[PDB]
Amino acid sequence: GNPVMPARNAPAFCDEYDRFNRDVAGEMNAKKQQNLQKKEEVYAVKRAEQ
Amino acid sequence: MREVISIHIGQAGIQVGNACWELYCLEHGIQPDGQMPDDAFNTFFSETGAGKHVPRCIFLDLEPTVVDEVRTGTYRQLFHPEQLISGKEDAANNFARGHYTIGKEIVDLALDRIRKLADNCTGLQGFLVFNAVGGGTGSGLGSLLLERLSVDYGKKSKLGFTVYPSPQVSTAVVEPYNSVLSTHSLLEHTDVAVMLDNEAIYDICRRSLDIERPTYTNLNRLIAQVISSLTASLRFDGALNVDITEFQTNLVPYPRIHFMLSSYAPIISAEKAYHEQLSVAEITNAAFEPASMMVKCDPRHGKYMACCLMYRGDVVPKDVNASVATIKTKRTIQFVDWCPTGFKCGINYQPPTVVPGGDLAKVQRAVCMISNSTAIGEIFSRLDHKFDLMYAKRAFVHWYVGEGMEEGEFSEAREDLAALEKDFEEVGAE
Amino acid sequence: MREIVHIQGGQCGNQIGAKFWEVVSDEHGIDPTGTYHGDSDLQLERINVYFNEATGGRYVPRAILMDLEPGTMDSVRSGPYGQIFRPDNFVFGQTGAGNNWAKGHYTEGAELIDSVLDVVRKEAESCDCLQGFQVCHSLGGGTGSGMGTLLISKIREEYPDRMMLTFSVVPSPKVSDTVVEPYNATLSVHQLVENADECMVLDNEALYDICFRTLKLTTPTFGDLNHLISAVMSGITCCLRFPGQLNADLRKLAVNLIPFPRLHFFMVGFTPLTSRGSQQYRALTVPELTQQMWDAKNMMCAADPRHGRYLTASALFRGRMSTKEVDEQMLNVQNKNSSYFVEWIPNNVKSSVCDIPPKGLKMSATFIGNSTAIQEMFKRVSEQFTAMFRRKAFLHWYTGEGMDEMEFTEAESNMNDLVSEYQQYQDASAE
Amino acid sequence: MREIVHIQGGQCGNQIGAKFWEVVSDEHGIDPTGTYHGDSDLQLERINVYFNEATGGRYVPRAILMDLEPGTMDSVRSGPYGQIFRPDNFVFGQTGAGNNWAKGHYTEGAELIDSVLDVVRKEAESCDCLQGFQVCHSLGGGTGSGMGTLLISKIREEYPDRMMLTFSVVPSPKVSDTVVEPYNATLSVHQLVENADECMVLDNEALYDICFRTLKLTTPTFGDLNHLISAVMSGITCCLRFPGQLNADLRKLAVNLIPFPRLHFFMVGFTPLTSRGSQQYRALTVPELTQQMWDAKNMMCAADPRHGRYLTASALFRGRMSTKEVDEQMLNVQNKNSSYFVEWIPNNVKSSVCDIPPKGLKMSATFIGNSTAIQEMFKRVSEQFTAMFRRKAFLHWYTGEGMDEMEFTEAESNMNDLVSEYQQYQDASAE
Amino acid sequence: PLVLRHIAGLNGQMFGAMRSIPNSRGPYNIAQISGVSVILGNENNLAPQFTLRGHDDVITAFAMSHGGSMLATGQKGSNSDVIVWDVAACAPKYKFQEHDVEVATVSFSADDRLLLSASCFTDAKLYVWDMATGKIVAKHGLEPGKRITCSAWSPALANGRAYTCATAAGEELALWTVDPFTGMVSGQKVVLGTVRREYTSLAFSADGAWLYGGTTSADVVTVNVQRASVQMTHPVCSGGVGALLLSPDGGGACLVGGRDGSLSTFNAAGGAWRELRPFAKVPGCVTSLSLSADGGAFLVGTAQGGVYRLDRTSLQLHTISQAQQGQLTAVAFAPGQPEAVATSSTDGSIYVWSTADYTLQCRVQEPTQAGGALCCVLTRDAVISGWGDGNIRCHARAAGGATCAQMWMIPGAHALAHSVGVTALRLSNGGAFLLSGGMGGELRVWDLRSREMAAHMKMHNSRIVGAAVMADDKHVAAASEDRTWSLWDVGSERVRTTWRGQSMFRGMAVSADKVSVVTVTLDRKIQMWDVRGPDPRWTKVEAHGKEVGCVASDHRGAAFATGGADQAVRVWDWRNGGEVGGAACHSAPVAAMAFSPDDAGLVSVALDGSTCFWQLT
Ligand SMILES: Nc1nc2c(ncn2[C@@H]2O[C@H](COP(=O)(O)OP(=O)(O)OP(=O)(O)O)[C@@H](O)[C@H]2O)c(=O)[nH]1
Ligand SMILES: Nc1nc2c(ncn2[C@@H]2O[C@H](COP(=O)(O)OP(=O)(O)O)[C@@H](O)[C@H]2O)c(=O)[nH]1
Ligand SMILES: Nc1nc2c(ncn2[C@@H]2O[C@H](COP(=O)(O)OP(=O)(O)O)[C@@H](O)[C@H]2O)c(=O)[nH]1
């Protein structure tokens, strides 16, 4: 295959969907919300440990 | 009471009659079978004891194909089989063929059926003759039929919605010839002749309806809408009722000058509809726009002599008065110095019904502006040189001569069109 | 209900007519047996223009086959559609004309012409209304040209008002098949000018050029040339047989094409002719059809229109198409090539539209051009005829059949006069 | 709706163009039969830039293949995507140019150039709006360089305002395939300087180095190099074909890149090029793409930018990305490597963002650098050309095809002047 | 779980689409070609059928082995493969991928030992394969572009050094002497002699040396094989020939079909005069002729999709099955009646079938210029269909097999100079009006009593496919090519919704509850939507291997089917998703389908013409 063509199961790989999405702000907002929730959960776990 | 007999001569006449009768059936609720599940249909239809409505129409053609398309198509049970009259040989774009040799028996039978149809009418507002100036069938047979109608019926108002050759674009070669012949014929017979140009209607479809590929179906649909707006006051009541008899009284200053420019407004597709207010003033301005005119003839070159406006739908006399005042005060629109009023406004409460499969959208208001203006001499000026350019070499003259015509007929038609030109110049000048 | 009586003359005429009837039957869904198997109402709607109904569902073509040798019509009968024709319409002699127009027009055609006119009259009287007769044949062949001209004269005498259409295969410019081609062509053109109302000039070398350049075929036999001729022959009359958005019969075409009665020779072309390789890669659009139609390579006549001037031109389009598109395309062509169009005719285009395209094609368009380019074709034929007649080569063959030498001079004078008329309207100026 | 006409020249150009059209058809979801199987609206939204619609759903590439020997085109046609191209767009001669620029430009290129321009005009007139032409070919080959320069000159004459983009495979520094590569390159560069609006230099040895070091491909075929070139050729115009957060067409790139008309040569590179082993290990971020992009080994031209000074540099990014992140990365690169950037231009970066990444890649970025480093490559080509021309080795073939010896001197002078301009702007100081 | 009950398909264009299996004591007496696959079924209907599917595109050539093997050939896709099928195994036996373009024809030797395969394009090869292992002779070359129409083998001259194969290509006949011991092919062109006819079928005599070729000219040309020249010609069956079979016993007889449905018995002896007199007439154009039921029937096929059984002892005519011909576009069920199923097609034909026995209840036929029946709606006594010309024709439903009478027609319902042809017709619940969707995205509600237009509703800018009316004076569209779908109101005013996805839609259905709406996208994703929700509730990715083209819904709201280009119909729970049951039986992409009004029953149609009936229990 084409060397430029990424292999499956790679950080570079994206399906045909998630390509042509053309939505950056929504993805960043969703990732920000997920990171905030994960950070709150981590703080809760550390609080429980302390 | 207000019956109007419709005549459709030639392929163009029949193909605009298809749209016209589809529109009338849709407006009156008449199913294509012939009957509806009042008395407003009496203008266009006569009801039988069985409840079935037949149109008071006559489809005349020397070619069998066009009429057989109707006989086999959707409205085969609606129209009368004998009312559809078909010839055996086409006129072959020969005015002489359609007026002197083939058309004799066909037009005699047409008068027979027309008399039978008029026998079913208590009153008779007039005739609506739809033909094509520029074809042997439409020109020759139509001229002969109009002459016979003038001879026998007499003072009945015959409105000829003629389709004239476009300035540059065309489909025929002897079109200037038979156009000049037909114009000479109908200058003295029709009461009100409405000029239509395929180029102008194509431009209307391209610019207003955004149709990059307009066709005869679209053109005929627009013409049908114009005629329905014209006849709406006969079938539906409204403030400022206008009649067929009132047209030529309020629009024809002199008998020779009876050719009419027609403009419909608004012309918008469904996608572009309901995006603008479409007020009475705006649609009146659009109707008076030169581009919306259904003839390739800029009104700015000439001067308006009369303008009859037919409004349909939610139209109020206050708004129509304001719009007409703005039109009069506008400098671009110029009326003749000898006509102070020059306006015949008539409102109707029935909005124009939308044909399924048409590109026109459902609009609560509509304007049909039919005007007498001296600018219309421009189209005659174009045909007068397109004719003589061939006539110098006597091209295609043998074809017309072979069916019982003379060079004298061509000379007389050319001289008559020149007289029409000079009459237009005289009325335009102070 | 406007009937057409088809006649085939000579070997070339018989083969062309057989191919044409094959194509028309395929278009109307008629199998070689006469029965209808098309599954479409419009196909049977106007089938009476060409066919008559037998006792059953059989449809017999209104075709009349002529020859002086029986082998050609034996081949015609044994061909794919040989069994549709009524056997009574095969009129044959026993000794063929030896490529001798004199034999085919005076000696041997005289006996058979009585039977030919009898069959023609029988076919015409059965017709409800007759648009006219179409005769397919070849100029430059003995029986073909001779009997065709004689029959055209007889039918002109009998039915003056009825239309006469001719598909004549003029001898090719470069490669000539028979030696006596200039003689036969010169004699036949004199008859066609006087009698034929409408005539189409076809050249085998133009057909070879178009089928090798556009169709890009490798081994084009006479069948392919006959197929192109059949396509044009069908497309000219498809407006009679099918509904049209703007229909136009043969008389309408003749009226809008012929400016003056003697100038009735036309070069014809069919679009779209696409090679098998590029069939998908092309696009069927009205501009594309017009562009291919106005190309000189599309012309089936040897003469290229660039040298001459288009007196008139009819274009019969077929398919679901925009009349606005058609009119705009042809007006644009006229404006762009105003040099090639006659000035004293403001509109040189007769556009017709038919609702039914040919089988397999979404869109099609046949072209009939009356231009002064055919002047060079006639000039070349006369250039050969004069060279042969100066030394009177092969003149004794025609002289011994009982036609005067002065007939050659009269025919040459008439043909030169036609050339002069074409040149006069080529270089005529307005006002 | 801003169309581009693709042209392939010579064997290398034809192979590169075939690979490029395969890549574009894959990216737009077009199967080798031309039907759309792409499963996205945006793919068909702007497919008209490179393709035209056939009779059905087939899409015909707007490509023109030009060659003097039919073998390369036969191989391309037999290849996987050989059937999409219109057969009429294959313009080939019969005797190939023996690595002779004179044969490809004067003797044999003269006859075929008429057909080539005919096909080019037919393709261009069909375009509603024309951005311009892109010509892929190889310097240092007979037919390729010859008709490449000839056709570029002709298209410049016909369409002056329309864009010209060139992908020229300049002969590689160390390994040379043919002997007359310096002659052909010297003759072709002189033409490109005058004619081509925008020129893209590619070297086979630079491609081998990049695919052996970054891709860690050990024995790279020519197909691999062609496919890298194809990725660059797609990415340069993806802003035309897809919606972008900050789009930039070819003319915008040219305006932002070319400071002075003669300095229109660029080195290009593609990101992210990852070896198969490290594909899971590499994480794609805009800083990572920029770090790989500004690396000298990433450039597909043999000249390394460290020696020269970046006059300008455009980077077309592709994918859902932060404009702040991209702009910060490029500004930081400029600040860190200010020694390598020309001082009298405050911002040497034209950053463009398209929202549609290529197939398989989450993000990508194509780089286009105008730097004075190209001076050393032209210097090497002149070093070989002068050495050969001093002894006039192999000169007699070019002489016998009909160019004066003075053409070689004029071409060498023009190339030396271009080198001088590049050095001038390399060592130019502000104020 | 989906259970396949019956497949109705027949490639009516092919000459020899259906063929018997001689001396077939077990099941699967007949074999038909319908598309990608082969329907191997019993002579009597209402019996299980097998689907020999190993191809990727349409089948171009079908061959019997005179009892023992079937063979089908591919088309395009660079995989025009000759695949040999076994009667007992019902599995592929040999796969010859040696033709670069579609295999023009294929035939089996009279002794079932040799196999002739002929291509036409860019590699024209008469491959002869042995029943054991592979090929015997490479080719003889032919010429590209010469359409090899048909082929036959000589029963005689089987001495191991000779095998006479007759091949008709256009108007050319060629006899190919094949030495399989040496693997040589010698091709002698038959001297025509003014005999130019297109040969539909070829058949040698019992003793050879006389090859009968049936032509489109209703003639059988008898050619002397020994001299390789046309000997004589006789008219046989007015209409054409189609199928030509050797008489089951015969003196020198040969059964001839015709395009008129006539079946006659032509004998070479008997003089030049024939005076045609058929012994049996079938409805349609005969394309296949065979013998089965222990040689008691003639098993005559039809170009109209029909298979018929003609008794030999008493000439009794019994139909077997009917197949809708063309690309089938819509399936409709009567509002309450599960016994009648309406199937439309791109060909102007609509078949109303009795699902109990798959017989043709009635047929609606329209001319080709009337477009194609792109949508259909069934009524207790009416068939309403929307065509490619934009017109909506309603025909009087008939019974027993007859051409229906057109009661009425809405003309120009959807034809606006930019898109013609109404799609996705729907009827109001209980029956009040008719919802229609144009090719350009205009929704139109039509009264039924007066056929008058009641609502024109134009917001969607592309093709409508999958419109559906809710339970109360409201409706919703699918609007393919613009990846959005909107719920509307009959008061000519959109009620919010207008949900946009990311990929273009292909079909949309509404569940029994008025809140659940299923859409299918070309991304092979099934999207579930709640009318009360602004986002789809969930989406199932990769529902089919290829694009999904149609979606259905049970009237109880429990399950909904999904058919795609993978030729497989699946069933999914409305709320939980998952696969209730899936199966691939159509020999084409599935274009449309309909659930039965009751629990059991699903009727799906394919692009080739295959109608598959399914039991859901
Ligand atoms: N506006 C409009 N004009 C049309 C239409 N159809 C035809 N025409 C015009 O009508 C002219 C000819 O009409 P006809 O005389 O009826 O043609 P025909 O039926 O063949 O009869 P002849 O031509 O006289 O033999 C043409 O020049 C067209 O310009 C139409 O549908 N709409
Ligand atoms: N297009 C075409 N031309 C033919 C055919 N057969 C003969 N010709 C040409 O017709 C010309 C005259 O031959 P022809 O008139 O048929 O001979 P005749 O029948 O004895 O008079 C010859 O020059 C041939 O080239 C044919 O089947 N098709
Ligand atoms: N990247 C790449 N380079 C090539 C390819 N084919 C040839 N080349 C190189 O291009 C240079 C010029 O060759 P070319 O112009 O194609 O030869 P011509 O067609 O006879 O003029 C040669 O030195 C080759 O090394 C290819 O497919 N890909």
# chains A, B, ... in the order shown; residues from 1 in each chain; ligands from 1

$ closest_atom_pairs --of "chain E" --to "chain B" --cutoff "10 Å" --atoms "only C-alpha atoms" --output "CSV"
residue,atom,partner,partner_atom,distance
E:390,CA,B:357,CA,8.3
E:391,CA,B:357,CA,9.4
E:407,CA,B:33,CA,9.9
E:408,CA,B:33,CA,8.2
E:409,CA,B:74,CA,7.8
E:410,CA,B:32,CA,9.0
E:411,CA,B:74,CA,7.4
E:412,CA,B:357,CA,4.7
E:413,CA,B:357,CA,5.6
E:414,CA,B:357,CA,5.6
E:415,CA,B:357,CA,4.9
E:416,CA,B:357,CA,5.4
E:417,CA,B:211,CA,7.1
E:418,CA,B:211,CA,7.9
E:420,CA,B:357,CA,9.1
E:442,CA,B:270,CA,9.5
E:444,CA,B:356,CA,9.3
E:449,CA,B:37,CA,7.9
E:450,CA,B:37,CA,6.3
E:451,CA,B:31,CA,7.7
E:452,CA,B:29,CA,7.5
E:453,CA,B:356,CA,7.5
E:456,CA,B:356,CA,8.6
E:457,CA,B:270,CA,8.9
E:458,CA,B:270,CA,6.7
E:459,CA,B:271,CA,7.3
E:460,CA,B:271,CA,9.5
E:461,CA,B:271,CA,8.8

$ residues_near_ligand --ligand "ligand 2" --cutoff "8 Å" --atoms "only C-alpha atoms and all ligand atoms" --output "ChimeraX atom specification"
/C:9-16,67-69,72,96-100,137-146,169-172,176-178,181,203-204,207,222-223,225-226,229

$ interface_residues --of "chain C" --to "chain D" --cutoff "7 Å" --atoms "only C-alpha atoms" --output "PyMOL selection string"
chain C and resi 277-278+280-284

$ write_last_selection --atoms "N, CA, C and O atoms" --output "compact mmCIF listing (two decimals), in the first residue's frame"
# COMPACT_ATOMS: atom_id res chain seq x y z
N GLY C 277 -15.17 3.75 -27.93
CA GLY C 277 -14.29 4.06 -26.81
C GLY C 277 -14.76 5.25 -26.00
O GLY C 277 -14.65 5.25 -24.77
N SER C 278 -15.28 6.27 -26.67
CA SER C 278 -15.63 7.53 -26.02
C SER C 278 -17.13 7.67 -25.76
O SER C 278 -17.60 8.76 -25.43
N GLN C 280 -19.11 6.52 -23.31
CA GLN C 280 -19.37 6.98 -21.95
C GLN C 280 -18.76 8.36 -21.72
O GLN C 280 -19.39 9.21 -21.09
N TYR C 281 -17.56 8.59 -22.23
CA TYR C 281 -16.80 9.79 -21.88
C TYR C 281 -17.39 11.06 -22.48
O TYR C 281 -17.12 12.15 -21.98
N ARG C 282 -18.18 10.95 -23.55
CA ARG C 282 -18.90 12.10 -24.07
C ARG C 282 -20.11 12.40 -23.21
O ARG C 282 -20.51 11.58 -22.38
N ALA C 283 -20.69 13.58 -23.39
CA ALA C 283 -21.91 13.98 -22.71
C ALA C 283 -22.95 14.40 -23.74
O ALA C 283 -22.66 15.25 -24.60
N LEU C 284 -24.14 13.82 -23.66
CA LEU C 284 -25.23 14.15 -24.59
C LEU C 284 -25.89 15.44 -24.12
O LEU C 284 -26.77 15.44 -23.26

$ interface_residues --of "chain C" --to "chain E" --cutoff "9 Å" --atoms "only C-alpha atoms" --output "list in words"
residues 31, 32, 33, 34, 35, 36, 37, 39, 40, 41, 42, 74, 75, 76, 77, 78, 79, 80, 81, 82, 83 and 356 of chain C

$ write_last_selection --atoms "N, CA and C atoms" --output "short mmCIF file (atom, residue, chain, number, x, y, z; two decimals), in the first residue's frame"
data_model
loop_
_atom_site.label_atom_id
_atom_site.label_comp_id
_atom_site.auth_asym_id
_atom_site.auth_seq_id
_atom_site.Cartn_x
_atom_site.Cartn_y
_atom_site.Cartn_z
N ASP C 31 -40.63 -6.79 -35.71
CA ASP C 31 -39.68 -7.84 -36.01
C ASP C 31 -39.74 -8.18 -37.49
N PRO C 32 -38.73 -8.87 -38.02
CA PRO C 32 -38.74 -9.23 -39.45
C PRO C 32 -39.99 -9.97 -39.90
N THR C 33 -40.89 -10.32 -38.98
CA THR C 33 -42.10 -11.05 -39.29
C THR C 33 -43.30 -10.15 -39.51
N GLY C 34 -43.20 -8.87 -39.16
CA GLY C 34 -44.29 -7.93 -39.29
C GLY C 34 -45.11 -7.71 -38.04
N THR C 35 -44.99 -8.60 -37.05
CA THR C 35 -45.76 -8.45 -35.82
C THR C 35 -45.12 -7.40 -34.92
N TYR C 36 -45.95 -6.73 -34.13
CA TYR C 36 -45.45 -5.71 -33.22
C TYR C 36 -45.05 -6.33 -31.89
N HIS C 37 -43.83 -6.04 -31.44
CA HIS C 37 -43.34 -6.53 -30.16
C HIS C 37 -42.57 -5.42 -29.45
N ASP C 39 -43.95 -2.89 -27.17
CA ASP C 39 -44.45 -2.53 -25.84
C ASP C 39 -44.37 -1.02 -25.63
N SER C 40 -45.01 -0.28 -26.54
CA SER C 40 -45.09 1.17 -26.46
C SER C 40 -46.19 1.64 -27.41
N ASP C 41 -47.06 2.53 -26.92
CA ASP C 41 -48.20 2.96 -27.72
C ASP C 41 -47.78 3.85 -28.88
N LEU C 42 -46.84 4.77 -28.64
CA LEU C 42 -46.44 5.70 -29.69
C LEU C 42 -45.83 4.97 -30.88
N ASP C 74 -32.65 -11.06 -54.47
CA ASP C 74 -32.50 -12.33 -53.77
C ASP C 74 -31.74 -12.13 -52.46
N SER C 75 -30.65 -11.37 -52.51
CA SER C 75 -29.92 -11.04 -51.29
C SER C 75 -30.78 -10.24 -50.32
N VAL C 76 -31.57 -9.30 -50.86
CA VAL C 76 -32.44 -8.49 -50.01
C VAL C 76 -33.45 -9.37 -49.29
N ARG C 77 -34.08 -10.29 -50.01
CA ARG C 77 -35.01 -11.23 -49.39
C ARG C 77 -34.33 -12.12 -48.36
N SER C 78 -33.12 -12.58 -48.63
CA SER C 78 -32.44 -13.45 -47.69
C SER C 78 -31.82 -12.70 -46.52
N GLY C 79 -31.80 -11.37 -46.57
CA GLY C 79 -31.27 -10.59 -45.47
C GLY C 79 -32.14 -10.66 -44.24
N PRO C 80 -31.73 -9.93 -43.20
CA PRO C 80 -32.42 -10.03 -41.90
C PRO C 80 -33.89 -9.66 -41.97
N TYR C 81 -34.24 -8.66 -42.76
CA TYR C 81 -35.61 -8.15 -42.87
C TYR C 81 -36.13 -8.31 -44.29
N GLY C 82 -35.80 -9.42 -44.93
CA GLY C 82 -36.25 -9.64 -46.29
C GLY C 82 -37.69 -10.10 -46.36
N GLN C 83 -38.20 -10.62 -45.25
CA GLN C 83 -39.52 -11.23 -45.25
C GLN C 83 -40.64 -10.26 -44.90
N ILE C 356 -39.56 11.74 -29.35
CA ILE C 356 -39.11 10.36 -29.24
C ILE C 356 -37.72 10.26 -29.85
#

$ interface_residues --of "chain A" --to "chain D" --cutoff "10 Å" --atoms "only C-alpha atoms" --output "list in words"
residues 1, 2, 3, 4, 5, 6, 7, 8, 9, 10, 11, 12, 13, 14, 15, 16, 17, 18, 19, 20, 21, 22, 23, 24, 25, 27 and 28 of chain A

$ write_last_selection --atoms "N, CA and C atoms" --output "JSON list (two decimals), in the first residue's frame"
[["chain", "number", "residue", "atom", "x", "y", "z"],
["A", 1, "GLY", "N", 0.80, -1.20, 0.00],
["A", 1, "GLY", "CA", 0.00, 0.00, 0.00],
["A", 1, "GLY", "C", 0.84, 1.26, 0.00],
["A", 2, "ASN", "N", 0.15, 2.38, -0.17],
["A", 2, "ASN", "CA", 0.81, 3.67, -0.20],
["A", 2, "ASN", "C", 1.48, 3.96, 1.14],
["A", 3, "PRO", "N", 2.77, 4.30, 1.16],
["A", 3, "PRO", "CA", 3.43, 4.59, 2.44],
["A", 3, "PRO", "C", 2.81, 5.75, 3.18],
["A", 4, "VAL", "N", 2.31, 6.76, 2.47],
["A", 4, "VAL", "CA", 1.67, 7.89, 3.13],
["A", 4, "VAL", "C", 0.37, 7.45, 3.80],
["A", 5, "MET", "N", -0.33, 6.51, 3.19],
["A", 5, "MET", "CA", -1.57, 5.99, 3.75],
["A", 5, "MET", "C", -1.30, 5.38, 5.12],
["A", 6, "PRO", "N", -1.86, 5.92, 6.20],
["A", 6, "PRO", "CA", -1.63, 5.33, 7.52],
["A", 6, "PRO", "C", -2.28, 3.96, 7.64],
["A", 7, "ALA", "N", -1.66, 3.11, 8.45],
["A", 7, "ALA", "CA", -2.23, 1.81, 8.73],
["A", 7, "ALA", "C", -3.36, 1.94, 9.74],
["A", 8, "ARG", "N", -4.18, 0.89, 9.82],
["A", 8, "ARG", "CA", -5.25, 0.85, 10.79],
["A", 8, "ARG", "C", -4.68, 0.77, 12.20],
["A", 9, "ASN", "N", -5.49, 1.20, 13.17],
["A", 9, "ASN", "CA", -5.09, 1.23, 14.58],
["A", 9, "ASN", "C", -3.83, 2.09, 14.77],
["A", 10, "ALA", "N", -3.89, 3.31, 14.27],
["A", 10, "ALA", "CA", -2.82, 4.28, 14.44],
["A", 10, "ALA", "C", -3.40, 5.60, 14.91],
["A", 11, "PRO", "N", -2.63, 6.41, 15.64],
["A", 11, "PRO", "CA", -3.12, 7.74, 16.01],
["A", 11, "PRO", "C", -3.43, 8.61, 14.81],
["A", 12, "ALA", "N", -2.76, 8.37, 13.68],
["A", 12, "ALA", "CA", -3.02, 9.12, 12.46],
["A", 12, "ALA", "C", -4.32, 8.72, 11.78],
["A", 13, "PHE", "N", -4.82, 7.52, 12.04],
["A", 13, "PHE", "CA", -5.92, 6.99, 11.25],
["A", 13, "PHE", "C", -7.25, 7.62, 11.64],
["A", 14, "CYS", "N", -8.05, 7.95, 10.63],
["A", 14, "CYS", "CA", -9.44, 8.32, 10.81],
["A", 14, "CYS", "C", -10.27, 7.67, 9.72],
["A", 15, "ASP", "N", -11.46, 7.19, 10.09],
["A", 15, "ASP", "CA", -12.36, 6.58, 9.14],
["A", 15, "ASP", "C", -12.88, 7.63, 8.15],
["A", 16, "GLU", "N", -13.67, 7.17, 7.19],
["A", 16, "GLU", "CA", -14.34, 8.10, 6.28],
["A", 16, "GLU", "C", -15.25, 9.03, 7.06],
["A", 17, "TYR", "N", -16.00, 8.49, 8.02],
["A", 17, "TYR", "CA", -16.65, 9.33, 9.01],
["A", 17, "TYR", "C", -15.59, 9.79, 10.02],
["A", 18, "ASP", "N", -15.85, 10.93, 10.64],
["A", 18, "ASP", "CA", -14.95, 11.74, 11.46],
["A", 18, "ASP", "C", -14.00, 12.48, 10.51],
["A", 19, "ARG", "N", -14.00, 12.15, 9.23],
["A", 19, "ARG", "CA", -13.50, 13.00, 8.17],
["A", 19, "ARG", "C", -14.72, 13.53, 7.42],
["A", 20, "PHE", "N", -14.60, 14.74, 6.90],
["A", 20, "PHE", "CA", -15.72, 15.55, 6.42],
["A", 20, "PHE", "C", -16.62, 16.02, 7.55],
["A", 21, "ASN", "N", -16.18, 15.88, 8.80],
["A", 21, "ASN", "CA", -16.98, 16.37, 9.92],
["A", 21, "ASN", "C", -17.04, 17.90, 9.93],
["A", 22, "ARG", "N", -15.88, 18.54, 9.76],
["A", 22, "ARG", "CA", -15.78, 20.00, 9.64],
["A", 22, "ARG", "C", -16.42, 20.69, 10.85],
["A", 23, "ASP", "N", -16.07, 20.23, 12.05],
["A", 23, "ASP", "CA", -16.59, 20.81, 13.29],
["A", 23, "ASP", "C", -15.49, 20.76, 14.34],
["A", 24, "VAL", "N", -14.82, 21.89, 14.55],
["A", 24, "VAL", "CA", -13.68, 21.96, 15.45],
["A", 24, "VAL", "C", -14.09, 22.46, 16.83],
["A", 25, "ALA", "N", -14.93, 23.50, 16.88],
["A", 25, "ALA", "CA", -15.33, 24.07, 18.16],
["A", 25, "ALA", "C", -16.10, 23.06, 19.00],
["A", 27, "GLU", "N", -15.96, 19.75, 18.88],
["A", 27, "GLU", "CA", -15.06, 18.71, 19.35],
["A", 27, "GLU", "C", -14.19, 19.21, 20.50],
["A", 28, "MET", "N", -13.67, 20.43, 20.39],
["A", 28, "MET", "CA", -12.86, 20.96, 21.49],
["A", 28, "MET", "C", -13.69, 21.16, 22.74]]

$ residues_near_ligand --ligand "ligand 1" --cutoff "7 Å" --atoms "only C-alpha atoms and all ligand atoms" --output "MDAnalysis selection string"
(chainID B and resid 9:13 15:16 61 63 90:94 98 132:139 163 165 170:172 175 197:198 216:217 219:220) or (chainID C and resid 245:248 252)

$ select_by_dssp --residues "region 55-120 of chain D" --states "alpha helix (DSSP H)" --output "PyMOL selection string"
chain D and resi 70-78+101-102+108-120
